[PDB]
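Peer 1: Sharing a structure with you now.
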Amino acid sequence: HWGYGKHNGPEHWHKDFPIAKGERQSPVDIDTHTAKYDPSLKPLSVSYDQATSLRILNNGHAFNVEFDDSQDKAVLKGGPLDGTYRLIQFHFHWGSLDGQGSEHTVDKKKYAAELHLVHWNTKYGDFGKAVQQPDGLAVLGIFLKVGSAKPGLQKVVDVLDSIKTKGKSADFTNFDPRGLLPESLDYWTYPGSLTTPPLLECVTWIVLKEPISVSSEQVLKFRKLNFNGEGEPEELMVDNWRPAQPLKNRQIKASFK
Ligand SMILES: NS(=O)(=O)c1cc(C(=O)CSc2nc3cc4c(cc3[nH]2)OCCO4)ccc1Cl
Ligand SMILES: [Zn+2]
């Protein structure tokens, strides 16, 4: 029943999921001049050499590319993190137009889209147990702007017409997520939540300062997907982002000056 419309969209979520109004919700606006530079933060460690993708799925909210997370194959560590986080899936949030789409904002600036690479803390043994803990997940967030094509994204864009509607899935093997990463790993970090229901307050957010560029044709293909299932009235999959939420009692830290 939750979704992104007038009747079931973000402003409605708190009725089913009262933690919507909690003390550590995401996303947030990143005010780049109020963020504290922290020389004690470690470089982020992104080890994606042995990543194994399995499938891609339209869930009626976005498309998820899912990875085999049954061994220590694609891991995040270092940065603000203690221990080891394993890659389970990535997805995107995007707009009806290039001027909106991102969930996090930077000095109120909205990007065309935002990529979420979702990882779970290996001390909790799997994703389902991790989301039930305050340090269960690490999400690497990367902004997309429209300009030059990202070649490493085309394999994703090409398969989308095979998962047009809610519930469709396709196998999706040997996709390399290193092809979605910008040059710099300079980041902001703050404690928050899932940005979709159930909105659990289990995420260490790691948001890259440097966006990647994607072409207008690549993002246009995201916009041809559907929120509805096959054989129901077409509702295009656009504006599947949650707006910025109150910062409340939180400091956003930066890895860079
Ligand atoms: N948008 S986000 O905050 O990066 C983020 C989004 C997702 C999604 O897949 C959005 S749709 C979706 N979110 C879920 C969260 C869950 C789940 C099933 C879920 N299905 O199983 C039980 C509780 O956790 C999953 C994890 C994270 Cl971290
Ligand atoms: Zn997300």
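By Swiss-Prot numbering, chain A shows 4-260, in order.
Header says: X-ray crystallography, 1.8 Å.
Each Cβ is built from the backbone N, Cα and C atoms, and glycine gets one as well.
What Swiss-Prot lists as site 'Fine-tunes the proton-transfer properties of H-64' is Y7, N62, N67. The active site, proton donor/acceptor annotation in Swiss-Prot covers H64. Per Swiss-Prot, Zn(2+) binding site is recorded for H94, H96, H119. Look at Swiss-Prot and you will find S165, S172 tagged as phosphoserine. Taken from Swiss-Prot, the feature substrate binding site applies to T198, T199.
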Peer 1: Using all protein chains in view, find how many other C-beta atoms are within 10 Å of the C-beta of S172 (phosphoserine).
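Peer 2: For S172 (phosphoserine), the 10 Å Cβ neighbour count is 16.
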Peer 1: Taking the Cα atoms as reference points, how far is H94 (Zn(2+) binding site) from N67 (site 'Fine-tunes the proton-transfer properties of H-64') in Å?
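Peer 2: Between the Cα atoms of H94 (Zn(2+) binding site) and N67 (site 'Fine-tunes the proton-transfer properties of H-64'), the distance comes to 5 Å.
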Peer 1: Taking a cut-off of under 6 Å between Cβ and any atom of ligand 1, tell me which of the recorded positions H64, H96, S165, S172, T199 pass.
Peer 2: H64, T199
Peer 1: Where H119 (Zn(2+) binding site) and the residue listed as 'active site, proton donor/acceptor' are concerned, what is their Cα separation in Å, rounded?
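Peer 2: Rounded to the nearest whole number, the Cα-Cα distance is 14 Å.
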Peer 1: I'd like to verify something. Among the recorded positions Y7, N62, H64, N67, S165, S172, which ones have a C-beta closer than 6 angstroms to some atom of ligand 2?
Peer 2: none
Peer 1: List every residue in the same chain as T199 (substrate binding site), at least 6 positions away in sequence, whose Cβ is under 8 Å from its Cβ.
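Peer 2: Residues satisfying the criterion: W5, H64, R245.
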